[PDB]
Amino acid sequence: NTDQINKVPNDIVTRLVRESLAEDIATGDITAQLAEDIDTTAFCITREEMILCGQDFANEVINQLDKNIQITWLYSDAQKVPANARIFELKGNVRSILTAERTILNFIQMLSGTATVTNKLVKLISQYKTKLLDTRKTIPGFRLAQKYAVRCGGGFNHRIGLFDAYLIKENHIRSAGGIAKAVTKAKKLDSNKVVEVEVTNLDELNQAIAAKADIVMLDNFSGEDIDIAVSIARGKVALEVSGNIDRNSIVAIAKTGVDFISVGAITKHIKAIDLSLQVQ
């Protein structure tokens, strides 16, 4: 069991916003200069049902552009927002608002996208005991941001990276000897770390179990083999299933009762949520 990302660190939210504003704004929003320099009002809708994620970023965009803009949130991160509902309201300067706009909803679109994908898969497997794990198949620079989205949507965090946990693969098993060696060396270095071994075989699974691993990733097992594995592993090691899984394969696998299902699809791809800022 890994650390769960239940908030993105501020310094990471800040830097990501900063760089986002720059790439878009540079010397200045030239078209905003054509708008009356006054206060007004605005609000943001979804056009579709969604799991909100991105409050912190949107907030940070406001904060960096014009602390004068007041925001009120009608929904918070990790909530199911109904299609056509207002997520937040704005009161402030027209120019600032028109400038904040695209950046703000580019963060919500994305992260709510990620959260909403996750939630789908989760509802798909809500009847089974299985849980959803994410991966490192992330958008660069958005490792933590996406771990957070996935949590926001119902999913739990597989290891954050290469440092917090051990993941022993074919490539690793091949080198410095096989499985027993690998795990043993791995405990010797740091005994506090979770040791996971990926396998392609039931035989490799027995090894990793025999070597006293903490959890075992099943790479591309047949249904039947997953069944075998579960029997073998019950009470011994935690099991996580990997095999390019999507909304169309997850249920069959979840019916097996493996503890965990790894899914890169939930971070790898993005289905952005359709948003709109209504300014007036």
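Residue numbers here begin at 1 and follow the sequence given.
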TODO: Pick between 251 to 259 and 50 to 58: the one whose mean CA B-factor in the entry is higher.
DONE: 251 to 259
Open item on the list: If you take the mean CA temperature factor per stretch, which one wins between 220 to 228 and 241 to 249?
Closed with: 241 to 249
Open item on the list: Looking at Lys169, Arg102, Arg136, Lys123, which one carries the largest C-alpha B-factor according to the PDB entry?
Closed with: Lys169
- [ ] Quick one: which of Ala35, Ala26, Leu65, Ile215 shows the highest Cα temperature factor in the PDB entry?
- [x] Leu65
- [ ] Pull the Cα B-factor of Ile273 out of the PDB entry and bin it into the chain's lowest, middle or highest third.
- [x] lowest
- [ ] Determine, from the deposited record, the chain-internal third of the Cα B-factor for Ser191: lowest, middle or highest.
- [x] highest
- [ ] Check where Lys181 lands among this chain's C-alpha B-factors and tell me if it's the lowest, middle or highest third.
- [x] highest
Open item on the list: Quick check for you: using the entry's CA B-factors within this chain, is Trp73 in the lowest, middle or highest third?
Closed with: highest
TODO: Name the third of the chain's ranked CA B-factors that contains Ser175, choosing lowest, middle or highest.
DONE: highest
